[PDB]
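Taking it in order: structure first as structure tokens, then the write-up.
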Amino acid sequence: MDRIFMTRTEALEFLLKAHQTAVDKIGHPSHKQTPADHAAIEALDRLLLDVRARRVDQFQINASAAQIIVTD
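What follows is the structure, encoded as structure tokens:
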């Protein structure tokens with residue numbers, strides 16, 4: 160049973176660690192950061208606004224993987 164409770168601000172750790180899981184799941188390389196990444200920010204804007212606006216909720220992708228239940 161894996162569960163992580165964090166506040167609105169601490170939620171960042173979850174939004175960050177969450178990406179690593181997917182990025183690692185696909186088996187992507189470890190090459191140096193690319194310039195195109197600057198555009199990827201367009202997507203982060205979603206979670207960034209949802210968090211900064213204090214409109215985020217708790218959720219989990221898998222039961223075996225590290226879960227992070229948001230504690231509003």
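Here the working numbering runs 159 ahead of the position in the sequence shown, where the first position is 1.
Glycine residues also receive a C-beta, built at the ideal position from the N, C-alpha and C atoms.
For a cut-off of 8 Å, the C-beta gap from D161 to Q226 is around 5 Å, short enough to register as a contact. Boundaries of the alpha helix (DSSP H) harbouring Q179: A170 to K184, taken from the DSSP string.
From the listed residues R211, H178 and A224, the smallest Cα separation to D231 is found for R211.
Beta-carbon to beta-carbon, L206 and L175 are separated by about 10 Å, too far to satisfy the 8 Å threshold.
Collapsing the DSSP output to three states places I163 in coil. It is roughly 27 Å from the alpha-carbon of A170 to the alpha-carbon of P194. Minimum Cα-Cα distance from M165 among the listed residues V182, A199 and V215 corresponds to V215.
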